[PDB]
6 protein chains.
Amino acid sequence: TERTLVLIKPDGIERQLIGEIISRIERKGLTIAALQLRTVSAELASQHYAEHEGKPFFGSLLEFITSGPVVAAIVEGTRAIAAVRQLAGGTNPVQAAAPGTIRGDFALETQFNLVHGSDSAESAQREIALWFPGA
Amino acid sequence: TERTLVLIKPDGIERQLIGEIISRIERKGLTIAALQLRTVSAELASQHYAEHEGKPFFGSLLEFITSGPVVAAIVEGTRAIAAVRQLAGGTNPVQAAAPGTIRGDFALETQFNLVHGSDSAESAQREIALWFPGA
Amino acid sequence: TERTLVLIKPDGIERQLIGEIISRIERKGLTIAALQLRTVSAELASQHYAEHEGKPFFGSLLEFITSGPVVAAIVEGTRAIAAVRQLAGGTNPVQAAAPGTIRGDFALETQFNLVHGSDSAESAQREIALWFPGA
Amino acid sequence: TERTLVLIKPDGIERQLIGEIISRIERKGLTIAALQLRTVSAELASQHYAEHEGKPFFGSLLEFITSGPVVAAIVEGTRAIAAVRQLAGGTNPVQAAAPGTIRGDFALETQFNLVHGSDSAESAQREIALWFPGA
Amino acid sequence: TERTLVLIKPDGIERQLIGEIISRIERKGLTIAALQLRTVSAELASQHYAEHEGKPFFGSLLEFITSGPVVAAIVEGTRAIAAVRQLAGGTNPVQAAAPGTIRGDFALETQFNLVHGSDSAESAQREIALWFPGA
Amino acid sequence: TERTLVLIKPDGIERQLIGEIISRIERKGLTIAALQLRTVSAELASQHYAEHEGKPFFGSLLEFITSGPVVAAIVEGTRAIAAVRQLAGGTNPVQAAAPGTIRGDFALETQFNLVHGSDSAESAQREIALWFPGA
């Protein structure tokens, strides 16, 4: 079994999809190991987005994650990592994401993607330590 | 943002899926700009199906759209055109349409496809003028 | 069988519940006889609210129905009138409306009631003539 | 607007209803002000259940809340208190709770009630201070 | 724990509600102990409806249960009997049944009630022996 | 129109998905021709899994199908065979099955696949004779 970090971003909250997203995870058979509505410091935001740190969309990327609170969580279970990304869909909700996924069903813009899921074991271990340093 | 024409055909109505379809559109983040249950004249039907005007399935194609009332609508929003076709699925509901789409979830026959969505900007502009000449 | 007028007010639209409401109606076994997204003139609004014409909440009552478009419809079927009001719930969504109803599930304020349904045969016949004078 | 404390108890979690419950809250128009999966100390449990402190069911009442983690939350909005209790249903899910409520739809036992909601302004203010002393 | 007999009548099947009904039962926490789509002999129908044997609606009552196949089942769990009747709603779907129940959400006529649930321990034991004499 | 055999395996039952699965079938427009919760003899299990009779996973394959009761059914309609497999998804729920399918939405393991659907006309005719020799 694996552990992956999941974020429900400020747009997912504005659109009232916290429970919808969590439900899909639960229904897949995965288990919520940690869960917390929290605010994001300027520091955390950048450390999170270091992969795309130096790039054209960095600015508004941080301003976004910091505009309102977010819901962070540790999702655990068999193939947690791949499964979550499976539920989430591709980055582009119209041309990439399949219908039935979170982004595929609710999203229209690459930017406002509603959700985040660790893209690899390497990332997951790094992001969990980052958002849930205690646990 | 774009505007696209959407039809909920007589079979979509017989099967009580008006609200189900509209909901999926709404949930995607798209907005219903126009909406009307209406009947179809012989003329409108053919002007609509002019693309496939001369073909083997034209007859019953018109007889169908004219058998009962239909629900016409203008759907507006970011990438309205592609998104709607994304929600609708491919023409063949079993071999083409993905599960999660409208046709993929409810349809079994290429003919009885429940729904219509403009396939391009060129078409949308033409079909909207056709169904909602005022608006 | 009966005919009743149903309104999905501007708040029902802002909250993306057109399809949700229509679906509940469909699922009850009732049939959408007429349906149209339309704007409301100052005149229509008052003629509609004549029952509560002279009262303390009249002003903002009209300003509301006229702030954005609404979805009007004629719902037909066995006991259409009572059934629709059954689905809609009592006027106060928290103290009157039962869970499971439209207002009971989605509403919090007596004012923002999302929906309207004719309260009697007398009213229905009057309101249908008013909103769908042709049909 | 009001603030009320909501608990999703260990049975609500075992039965995979976190998102289902949160969704119902969201859909009612209420907003999640705080949210956290957390464990319960022996002390917190009793301070929470002081109202029924001296009684026949106290023992297993505490042992339960402490058997696994729970999801605590602050729910905010118009009539937050009454509305939440409205969504939750009466204590007895079969004879009291109406269909459509959380308990009414999912529960069978008075003990395993899935959810908790502050029963009054007095309680809410006390329980929020208790579970979210910071916020 | 108790055992109760549940019938999904021919109208429940025509309206594609087998899974919807079963789901509601499952979700309540009850368990399907037996389940079978079967036809009804003239004899079984009357033995079932002996309570209302001599009455004005007996004829079409039997003709109905015998018009198409039905889905019979034994539902088991805590307060199975009351809970099932709770999910089913009162006999009259508009004036008696609450929204959120099966009849309350889908039915319009006292006759076409979609579902049946044993009304008492005495009945349950009698009807189970009748429909599932082996089990 | 075609006939296909569908199994809801013991894990589909443990996870309370009987009605969910049946519903998806119904909603696709397919019809339940036969349906029965039943136990599986050692013989039936192997005759069913003869295709993969001689293989590394045979043992626990039979032990599984025989651990608890299962729900067998004959599903009938246009392209019943392909459609059902379409609803079910690929064998591997994470890497193969698309979101929106049964396995895609609920499953995490190739072994615990919740459902079975005949993979061909040849198989269907053979498996129906096997599970429903009378009908």
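One-based numbering along the chain as shown.
The deposited model was determined using X-ray crystallography, 2.8 Å.
Every residue gets a Cβ built from N, Cα and C, even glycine.
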Listed in Swiss-Prot for the ATP site shared with D:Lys9, D:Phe57, D:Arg85, D:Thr91, D:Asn113, one of D:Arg3, D:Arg24, D:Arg103, D:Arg126: D:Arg103
Tertiary neighbours of D:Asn113 (ATP binding site) (same chain, Cβ under 8 Å, six or more apart): D:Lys9, D:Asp11, D:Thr91, D:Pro93, D:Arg103, D:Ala107
Most distant Cα pair in Å, residues D:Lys9, D:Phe57, D:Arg85, D:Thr91, D:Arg103, D:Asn113 binding ATP: 22
Sequence-distant neighbours of D:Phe57 (ATP binding site) in its chain (C-beta under 8 A, six or more apart): D:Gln111
All-chain count of other Cβ atoms within 10 Å of D:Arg103 (ATP binding site): 24
Neighbourhood of D:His116 (active site, pros-phosphohistidine intermediate), C-beta criterion under 8 angstroms, separation at least six: D:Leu5, D:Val6, D:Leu7, D:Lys9, D:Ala88
Binding-site residues compared (D:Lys9, D:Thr91) - highest count of Cβ atoms within 10 Å: D:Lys9
Which same-chain residues, if any, lie at least 6 apart from D:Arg85 (ATP binding site) yet have Cβ under 8 Å of it: D:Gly117, D:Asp119
